[PDB]
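Here's the structure, in structure tokens; my notes come after.
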Ligand SMILES: Nc1ncnc2c1ncn2[C@@H]1O[C@H](COP(=O)(O)OP(=O)(O)O)[C@@H](O)[C@H]1O
Ligand SMILES: Nc1ncnc2c1ncn2[C@@H]1O[C@H](COP(=O)(O)OP(=O)(O)O)[C@@H](O)[C@H]1O
Ligand SMILES: [Mg+2]
Ligand SMILES: [Mg+2]
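Residue numbers (the deposited numbering), protein chains in the order written: chain I, 42 to 159; chain H, 2 to 161; chain J, 199 to 272; chain E, 5 to 375; chain D, 5 to 375.
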């Protein structure tokens, strides 16, 4: 049974996972930008009458309201999720502490110090 | 490898003098300067803290890769400071969680033999048939046929 | 208790969320400028909402992970 | 700061700072006034030698334990013992350290209240907490269930615990312990000619019991073997010569634990009070208690007790259940190790009886929520 | 999206997504607070273990079912059970899934209205629908006629249906069910010496009933045989050993179904309330109901009931009609399978009680057209 080679494999897979996470985040950013360009259409309104200005403005206001509504919904969702994450993280930490802290101590800190003092 | 050469390079003569004082009993004379690892068992016990005998043999056989059976003072230095804690902080817990999430690309919350197999195959590293089963024991700590969060965390415990 | 409490809360949030809406009654150039500004505002809103979706997805995966771990205790 | 994990016990006081592996100072709890007249002038003769000092001058003292059976019968001597423990064996003033005493189950209330009143008025500690001696021994084993038999030197008690929920109706406290075994050994040694009477010679008989006695796996076979051969007779050298030879007194002294009829006690042995304590528990946690029987306390250090007890319980218990007896090598200090672990916990840090709370409710605070 | 087919039941909560074959998570519906004191600190002890977790720690809990006879008597506990079912056994937030509860016939209105109010206010589902537990069991059999006897654990009800037209004047609901059989078995076991009293030991008696009891084809002959030979005495090992031997208690416990005078109930057995339910129907659909008698529910899983019931009905019914008793092997989950089938239908997709409708008419919407 080799252990140093296992350590090499561990560190190398750690590096590979780091690189994969980097490239995956990069792809995520690219897809986010692409989808953002896809969904929010750009509009050009040069040399237009004021009536078209009113129409575009009102549509934009309605879209603003809708987007803020969706942001409110997803924000409530995220707040609830974060609350659950904090609670469950605390619970799992308590479980781990129960399992492990009974095994933490300072062994032989001064026991070996008693040689010939008596 | 020479990674721990750099690791031991951090400590200057301040610990070198103490190490030479400890090693002077190792060089007790009547020797041709070979300096084997015979006393190393108690040399690592010079201050009391001594690791597993298996780790002691791993350190012994690991260094002196030429097989000369000669203990370089640099080799003894790095092996005795290896008794001292030496780690690169083992990444980050959030970072490790992201790493396991990437590992759990199946989003199942578990990694089987195939998941880890593909994970390391993507690295391209040669892995023996004598391995894999070793990795099976290392990962499947619960003997449940999968790799869990605690099992992964122990598997990646402070490794960098 | 979410029968009027949550509904009125979000209604108030939307009401305060809306800012002034008095624009097209001005000269064309600045109106066009501000309309472009508000398009960019909506664009950033959509980008941030997508970011919120992705963060919510990741946090839901993490909540699945925490549920899985707490189930792994048994 | 660090907490002081004291453990009064009865026979050996064990103390030390929280978070270590072993108690810092372990010494007998005896206070012995001199009894003769004394003719040398200026020798610097004190009026009472306590602790380990009175185990070296015991030739001219009258040692008397201040704790009879868990309860404390002589409060002045106990105060003297505590003062010695704090100032000379640890050398830490109590004004800057929380304390965690230990107490046997089912003890009189007045004992506990007086203990807390002393700790708060005389020594003036910042905060003290009293814990049952068996829960700590369960901490030290790293378990969370199990029925622990803590056979100390004063009193033997048997507290069953499941999933952290103690069962108060199933505690079986029996007053046979190491001291009664010492007295019975001193009483059966007279059958060969050796008479120990003085309170100082009780210590010699205790040393004989510790070094020679063992628990027989089967009593009748050992009684028959010791009566025919002579392979058991082990000799021992008194503090002045004149070696003595102990025959079948070796396994007859600790046999009293499993047959308390020897010293005239009515109750059943420690092999049957554990089974009775289990049977009082609910029907669904009996398997776990059977599998996690824990031994602790000094008197459970006899060579060969973890097999005799398992054989007896297996005889009593149903044939299907597995009987396992946990006997860690660090049995003697198990209670104190558990006390250190408990005092080192972060969750426990707000359970101490703070001094302002005592000032508001008096010594009767200990029976209240802060248990 | 997919619909959540929950089925509260009384004794086992069965849930799962619509369109599958079997419920995803099946677990007892019990909520048990701990009853002892608890001495270990930081053990992470919760205040109420629900579902299948409280069937493993039942040694130190006091389990109490939140549903007595179909009706719900303790709304807080039922809310806790639902919350557990949604979040931990299925892990799907209810904000994005329709729900299809089930309810026994002839239940109090307030129960149903409170159920819908909870589902719409606390869990905030998009739309929920309440269905009678017998129509689903008729769905699962793939029939469209037939009289279904759904002998659950809370209440036994007998709904006849023809060509899809339910007959509301012929529903015979009887409150004898599995729980009363458990209590009667626990009461007749005392005739041999075995006493089960604690609410935790009721689970052990339930296991005995499930694994050993069977319905006798002829009662008097079995009573005579069990009193002479000993070929019936089957033994069973308690959770701690001490095997027990059940004699003629085997077929006397489930015989209460056909003679409710055993537990003091006046009414007639399940063999005669079916015939009475048929005879209340019109004279021209009695042949079809005779030929398509359906069994469902857990308690109809006793070995040998599909023959005893057929013999009894053949004795009661006219000699010309053919009596057939449909007893599918998937009896226990028949109601839930039918619920999945009903929720998967396209024609049913517009019968849900949409949330805006509830906002306009209040909880009393359930009694209205959306039944
Ligand atoms: N190695 C041993 N073998 C046999 N008996 C022992 C041994 N060590 C201690 N004892 C007995 O146990 C007693 C000490 O018990 P201890 O656990 O210190 O009591 P306490 O619970 O009061 O601390 C002594 O009086 C002695 O009789
Ligand atoms: N295999 C079986 N044999 C005999 N009785 C059973 C069996 N399985 C379940 N039961 C009885 O049926 C009950 C479960 O009935 P169930 O159909 O789950 O009720 P519900 O209609 O509330 O879901 C249990 O309490 C048990 O007493
Ligand atoms: Mg003790
Ligand atoms: Mg049912």
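Heads up, the beta-carbon is just placed ideally off N, CA and C, and yes, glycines get one too.
- For residue 119 of chain D, the enclosing alpha helix (DSSP H) starts and ends at 113-125.
- Within the stretch 43-55 of chain I, the residues whose Cβ lies closer than 9 Å to any Cβ of chain H are, in chain order, 43, 44, 45, 46, 47, 48, 49, 50, 51, 52, 53, 54 and 55.
- For residue 217 of chain E, the CB contacts under 6 Å within the same chain, skipping 5 residues up- and downstream, are 254, 257 and 258 in chain order.
- The three-state secondary structure of residue 161 of chain E, taken from DSSP, is strand.
- For residue 246 of chain D, the enclosing beta strand (DSSP E) has its first and last residue at 245-250.
- Taken in chain order, the whole beta strand (DSSP E) runs of length 3 or more contained in the stretch 126-188 of chain D are 131-136, 150-155, 160-166 and 176-178.
- Those residues of the stretch 92-121 of chain D placed with their C-beta closer than 8 Å to a C-beta in chain J are 92 and 95, ordered along the chain.
- DSSP places residue 82 of chain H within a helical segment (H, G or I) once states are collapsed to three.
- For residue 241 of chain D, the enclosing beta strand (DSSP E) begins and ends at 238-242.
- In the pairwise beta carbon analysis, the stretch 51-68 of chain I is classified as not touching the stretch 219-233 of chain J: fewer than three pairs are separated by under 8 Å.
- Close to ligand 2, as judged by a C-beta nearer than 5 Å to any of its heavy atoms, are the residues D/13, D/14, D/15, D/16, D/156, D/157, D/182, D/214, D/301, D/302, D/303 and D/305, in chain order.
- Under the three-state reduction of DSSP output, residue 18 of chain E falls in the strand class.
- The nearest non-hydrogen atom of ligand 1 is 7 Å or more from the C-beta of residue 312 of chain E.
- Burial is judged here by how many other beta carbons sit within 10 angstroms of a residue's own beta carbon; residue 312 of chain D has at least 16 and is buried.
- Between the alpha carbons of residue 230 of chain E and residue 264 of chain E lies a distance of about 22 Å.
- Residue ranges of uninterrupted alpha helix (DSSP H) with 4 or more members, entirely inside the stretch 54-126 of chain H and ordered along the chain, are 54-63, 74-84, 94-104 and 114-122.
- With the criterion set as a beta carbon lying under 8 Å from some beta carbon of chain D, the members of the stretch 306-327 of chain E are 321, 322, 323, 324 and 325, in sequence order.
- At a cut-off of 8 Å, the C-beta of residue 200 of chain J has a neighbouring C-beta in chain D.
- For secondary structure counted as the alpha helix (DSSP H) over 4 or more consecutive residues, the stretch 189-222 of chain E holds these complete runs in sequence order: 205-216.
- Around the C-beta of residue 18 of chain E, 16 or more other C-beta atoms lie within 10 Å, and the residue is accordingly described as buried.
- Taking a contact as a CB-CB distance under 8 Å, the pair residue 23 of chain E and residue 156 of chain E does not count as one, their CB atoms being some 24 Å apart.
- About 18 Å separates the beta carbons of residue 317 of chain D and residue 145 of chain D, which is beyond the 8 Å limit, so they are not a contact pair.
- Straight-line measurement puts the Cα of residue 210 of chain E at about 57 Å from the Cα of residue 71 of chain H.
- Against chain I, a Cβ distance below 7 Å from residue 26 of chain E picks out 152.
- Residue-level contact by beta carbon holds for residue 241 of chain D and chain E, with a gap shorter than 8 Å.
- One alpha carbon belongs to residue 72 of chain E, the other to residue 346 of chain E, and they sit about 27 Å apart.
- The residue from D/304, D/247, D/85 and D/289 with its alpha-carbon nearest to that of residue 123 of chain D is D/85.
- Among the residues of chain J, those whose CB is under 8 Å from the CB of residue 125 of chain D are 199, 200 and 201, following chain order.
- When the beta-carbon positions are compared, residue 282 of chain E and residue 151 of chain E come within less than 8 Å of each other.
- Shortest Cα-Cα distance from residue 270 of chain E to any of E/12, E/165, E/58 and E/180 involves E/180.
- If you look at residue 300 of chain E, you'll find it in the beta strand (DSSP E) that goes 297-300.
- Taking a contact as a CB-CB distance under 8 Å, the pair residue 126 of chain H and residue 53 of chain I counts as one, their CB atoms being some 6 Å apart.
- Taken in chain order, the whole alpha helix (DSSP H) runs of length 4 or more contained in the stretch 22-79 of chain D number zero.
- At a cut-off of 8 Å, the C-beta of residue 92 of chain H has a neighbouring C-beta in chain I.
- Residue 335 of chain E carries a coil assignment under DSSP once its states are collapsed to helix, strand and coil.
- Using a 10 angstroms sphere on the CB of residue 208 of chain D, the tally of other CB atoms reaches 16 or more, which defines it as buried.
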